[PDB]
């Protein structure tokens, strides 16, 4: 066992101490921890997401990831030589798992930081070639503001989000049509940091992207229903 490797005993001990995991943890063919009942609602193919991300942003060498959870997408993005990733995560318990993942895998081109995207001054972060914003936009109170924050630091966003499939009866805030609800996402460790969230209807999601500066929007995937809809878009700004 190479001197750079964490002992399997320590991998096991720390993985167990870090339970409960959301997406589980396996290394060297050993399943140390299982994920949650609703982990299926989150990224389960980080390698495929990273491929799609780098198809969209082939030149990217400095990437910002928002809502890094247990570091699965962070690690997949970091496999590339010549890239550096900053992953922001709002829940300390999740961040500790992501930090463990990076240590086990020796992923030295990753930095992870605790941060609340609703209050962070994004102008302190520097510039990024692109922002990964997956599974997060429906966990904040003012989603349009998170998109503006991405545009403050980058000209590219890979956005995976839900939106609400109807406009009738929605509230209005900053001119956007919003479904304002208590934060009750089925996965407790995926929840936002406010008591409430606002979902957008489709028109308001696209307006919010445009108003942030992401004026070219490519739809990679969309699933529509009357209520919860899913979309993956690449937004590009001037």
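Residue numbers count along the first chain shown, from 1.
**Student:** Look up the CA B-factors in the entry and say which stretch, 132-140 or 91-99, has the higher mean.
**Tutor:** Averaged over C-alpha atoms, the B-factors run higher in 91-99.
**Student:** Check the entry's C-alpha temperature factors for 40-48 and 190-198, then say which stretch has the higher mean.
**Tutor:** Between 190-198 and 40-48, it is 40-48 that shows the higher mean C-alpha B-factor.
**Student:** Going by the entry, which of 145, 123, 157, 86 has the most elevated CA B factor?
**Tutor:** That would be 123.
**Student:** For residue 179, does the deposited CA B-factor place it in the lowest, middle or highest third of the chain?
**Tutor:** CA B-factor rank for residue 179: middle third.
**Student:** Hey, what third does residue 78 fall into on Cα B-factor, ranked over its chain?
**Tutor:** According to the entry, residue 78 has a C-alpha B-factor in the chain's highest third.
**Student:** Going by the entry, which third of its chain does the Cα temperature factor of residue 213 land in?
**Tutor:** Its C-alpha B-factor belongs to the middle third of this chain's values.
**Student:** Which third of the chain does residue 67 land in by C-alpha B-factor: lowest, middle or highest?
**Tutor:** Bottom third by C-alpha B-factor.
**Student:** Using only modelled residues of the chain, where does the Cα B factor of residue 107 rank: lowest third, middle third or highest third?
**Tutor:** Answer is highest: the recorded C-alpha B-factor places it there.
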